[PDB]
Structure formats: C-alpha cells, structure tokens
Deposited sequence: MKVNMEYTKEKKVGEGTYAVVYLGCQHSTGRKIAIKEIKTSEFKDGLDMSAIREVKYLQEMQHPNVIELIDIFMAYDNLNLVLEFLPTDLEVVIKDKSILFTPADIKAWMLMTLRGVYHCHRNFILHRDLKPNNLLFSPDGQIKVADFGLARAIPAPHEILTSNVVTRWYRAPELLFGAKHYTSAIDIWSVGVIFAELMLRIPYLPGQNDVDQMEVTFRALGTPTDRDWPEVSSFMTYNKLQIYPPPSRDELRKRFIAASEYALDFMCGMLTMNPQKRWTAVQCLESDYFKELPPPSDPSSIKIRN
C-alpha cells in the first residue's frame, strides 16, 4: 500500500518502513542490477499462504526500489532477552514451538529450504501467532546433482554439517535451528555462542559431542574431522543439571531434534506427532507478551 511512517532498521542492505498494520520493506537497487537476495526472497514468500508464514498484500513497484509488505509487531529475540520470567514451561514453551514447527513443515512440504532461522527471524503478531519470515537466503530443494552454497545460516543457529562444510545438503538443517530455538526459549540465554571464528565447532563439540565413527557415518569426509579429537556426548544426567526446567517428553524430541546425524534427524512430519504435545497441559495462544 502507498502508506508510510517512521523507519526501522539501521542496516545498509534494507531499511524497513511501517504503515497501514503493515511494514514496507525496501531493497535499495543502487555491479549487478538486482541482488540475489531480493528476487530470492520474493519468489518463495509470494507463493506461501499459512498462518505461520507472512504473505504479500502487494508487491507494487517503486521508482527504483522494490517494495514488499511485512508484519507490525516485534520478534522472538526481544521476548527472550528482556523479561521478568513470565515464560513458564507448562504452556508457553509448547505453543510457540508447535507454531514454528507448523511453519517449518509448511516450508518443507513446499520443498523450500528457508535457511535463515533466528529469534529475530521468528516474529509474533497481535493475536500472538508466531510467524516464519525473512526468506533472504532461502532456496528451493533442487536436483540432487546440483551444488549448493556453504555459509547460509548464522553462527549461533548453524547445523553441524554446515560447520563441517556440506556443499549439497538436505532440508534437515532447519530442524537443528528450531531445536536451538527450543533450548534458547527454555534456557533464556543465547545457546551455543561462538567467538566470530571457527570456534562454533569447538563449542558444539563441547556441548553436544564430537560425533564418532560408529554412529553418524562418513563424518571424516569433510577434511575437518581430523583437525580435532573426540569429546564425550552427554548422558541422561543432563535431565536435572543444566536443564532442570524441563519435562520428561521435552528432552526426547529435543535430543531427537539436536541429533547431529542429519539422516536420522527427526523431520517435521515426525516432530508434530512426537507425543510431546499430547502430554498435559494443553497450550493456549493468550500469552503475557508486551
């Protein structure tokens, strides 16, 4: 729509506007004419309609730039980092996980990757339904002989095959990210931080374990597994210590979601029915979020 008000965003790639209930995202056109991450982010967000992925009302052309629409309210990152412990493990940890996995499964059954998943990518709504957006490095799931990119997702939310250097991966790299969203939501801390380097591999090995030959096979075919040594995987003494605010069935699909095996990683069709939402209490979308 042709309505504008005050701006959000200090980034030089895009500065988003606001107006009407909507938010106009403008890509500055002024090398190449149009960037990869403008057509790459309109061409899959145009064709999805869901209550967990935002949609386009109009994509009307500007004089030089490209206009989109977005959502009004802020994101999941400002919810976690600044509160007075409103969020409670009976109900608030279940509904947002259920809706984010619903959005991830709607991306997956359209065979679209969406390899940029962050709490500043997951954003809420006035009725509190969390949305999946910002498809800036998304890609359709191609033919198996096609070579993909490498560094496609951010550091703190990176799948370990992307740490190791998997050039042509599957779409199981975005279940690891939402499992880290689960742990970041029930721990209220930035989970697995790195020092702007290759140190994400060492902190992931320190947290969840250096993969062994017997279990996730062919991990030594990356020219990175020989650089380091083995670390012990965590046992079920993690149930009380460092994860004491959790239920019995939460650790089952958390450990099934933080599998470092990508072939044995639980896809969303077996994460939406992983008997964790069946346990009491039932969730409800009125949550005390400002």
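In this chain the deposited sequence has gaps in the coordinates at 1-5, 26-31, 42-43, 304-306, listed in sequence order.
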